[PDB]
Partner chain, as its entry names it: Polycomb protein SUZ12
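What follows is a single chain, given as structure tokens, in the form deposited without its partner chain.
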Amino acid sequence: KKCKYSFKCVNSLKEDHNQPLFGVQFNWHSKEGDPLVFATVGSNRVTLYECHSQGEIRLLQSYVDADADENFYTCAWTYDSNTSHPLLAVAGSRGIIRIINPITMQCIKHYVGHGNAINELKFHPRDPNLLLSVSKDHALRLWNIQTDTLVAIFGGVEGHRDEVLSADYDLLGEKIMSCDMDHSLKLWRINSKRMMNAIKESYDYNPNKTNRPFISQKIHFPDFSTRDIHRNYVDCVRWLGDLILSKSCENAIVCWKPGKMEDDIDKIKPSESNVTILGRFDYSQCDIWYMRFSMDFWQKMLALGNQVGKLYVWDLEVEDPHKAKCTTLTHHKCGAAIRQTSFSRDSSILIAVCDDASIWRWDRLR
């Protein structure tokens, strides 16, 4: 087979601040029937938009951080498990996580602790309170945003030894794959008895019932590590079932797995020395740092923007990655680096954000 997915650019706009847009995420927590909403992050700004019929990109709310020198690199949506109220977490150059109420567009609270900039934020797929942050300080941190606790710090002697660029939980939230500037990819199992007990303990913590601080777990050893996939920085990693997708400067998203071809991901030991490359989703001119690929909810489509305004899309249901390419999405007015893309939960819309502050709306044909 081949890819048949087609899209048409229905709209575009440029944010008035004129600064690079570094991140974009649709709210996948919105219920069926409710409008399709996405957040963009860039400079000290967080902006909410609604995707209307006829291709309209309606500005909903604009958050401006009081710190003019803040540079947001990422955002991630969640919800309050007690009130069903949507929440948006943002972070960047200041190394501070800010939790925004997306209805009032006000910062509710912030998490200080990382010793440098935050590159990525990911919420656990089953538990909306479990927030993972990845930093230029060489560590990953797991936070419980309901009890305001630091659950764990993933770092130390066998942790990343350079700026951590990206991380992803697997579909069921049992494990994390992370990657760094020093070409290393590391696995951290969070379904261990130690991690499961730390999560339970973070739920029981309340500073009003004790004068003692909550003790975070210090995870110094990953459950697998490799520097034998890419030859340079790895700025984006995602799970594809039990397989991994990661990219470097090579103009390809590499599909690989820990161990040999037949090895089960859950039988992989921390001393595993083998790795297997399965295939490559190739593209052009995307060899500058901080360019992220995305997938739709069902993981049927893969997308990546490049440094000259082209949006590559692949069909993940075509076995051979070399043959999975969709028609590349281009526009004569879209010539700036596309930092990140986001599909709506139903995969009907694909949004791209650029270095020139522009937003591009691509609607999928049936």
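Numbering follows the first chain given and starts at 1.
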property	result
Per the entry, higher mean C-alpha B factor between 101-109 and 208-216	101-109
Residue range whose averaged C-alpha B-factor is higher in the record, 233-241 or 112-120	112-120
From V41, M301, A337, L60, residue of greatest CA B-factor	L60
Assigned third (lowest, middle, highest) for the C-alpha B factor of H85	highest
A252 by Cα B-factor - lowest, middle or highest third of the modelled chain	middle
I349 CA temperature factor, ranked by third within the chain	middle
Third of the chain, ranked by Cα B-factor, where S284 sits	middle
Chain third (lowest, middle, highest) by recorded CA B-factor, residue given as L316	lowest
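What follows is about the form deposited with its partner chain bound, which we do not show.
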item	value
Partner contact for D204 in the entry with it bound: its partner chain, 4.5 angstroms, heavy atom	no
Exercise: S225 in contact with its partner chain in the entry with it bound, heavy atom 4.5 Å	no
Contact test in the entry with it bound: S294 vs its partner chain, heavy atoms, 4.5 Å	no
Touches its partner chain in the entry with it bound: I199 (any heavy atom, 4.5 Å)	no
Contacting member of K247, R141, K122, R238, with respect to its partner chain in the entry with it bound [4.5 Å, heavy atom]	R141
